[PDB]
């Protein structure tokens, strides 16, 4: 699968649920899994969002440092879903704060991080097909 396509479709879905149209089985599974993740932990995402202090100056370092912490002890499919949801939070905050250009940057950062830092783990653990298999019963 193309990680760029997965990121772009995921970001567009998350923004469209907020009423913002951003120009840009795996997709459906990730969408449902991220929605389920979000609804379980709204209190934590709200605190995360309030502390984000998103500006074009801080956005990249904020993303990089959070993702580094997220994978400090390794990777699992839950961490992958959280990676997408955290990127989604930054995208939603971007448009809410009239910094919509940052969405393109976040999509780039997510795509390149997947391809550089997560591709080996994903393939080693059966590819995106394994994620679809794992979460299928929850759909």
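Residue numbers count along the first chain shown, from 1.
Novice: Scan the PDB entry between residue 24 and residue 25 and report the missing deposited residues as one of none, 1 to 3, 4 to 9, 10 or more.
Specialist: Going from residue 24 to residue 25, the model skips 10 or more residues of the deposited sequence.
Novice: Using only C-alpha atoms and the B-factors in the entry, which stretch averages higher, 29-37 or 79-87?
Specialist: Between 29-37 and 79-87, it is 29-37.
Novice: Return whichever of 41-49 and 65-73 has the greater mean Cα B factor according to the PDB record.
Specialist: Stretch with the greater average CA B-factor: 41-49.
Novice: Compared with the other modelled residues in the chain, in which third is the CA B-factor of residue 92?
Specialist: Residue 92: CA B-factor falls in the lowest third of its chain.
Novice: Would you please rank residue 98 by its C-alpha temperature factor against the other modelled residues of its chain and give the third it falls in: lowest, middle or highest?
Specialist: According to the entry, residue 98 has a C-alpha B-factor in the chain's highest third.
Novice: Which third, lowest, middle or highest, does the CA B-factor of residue 120 fall in along this chain?
Specialist: Its C-alpha B-factor, which the entry lists for residue 120, ranks in the highest third among residues of this chain.
Novice: What third of its chain, lowest, middle or highest, does the C-alpha temperature factor of residue 7 fall into?
Specialist: It falls in the bottom third of the chain.
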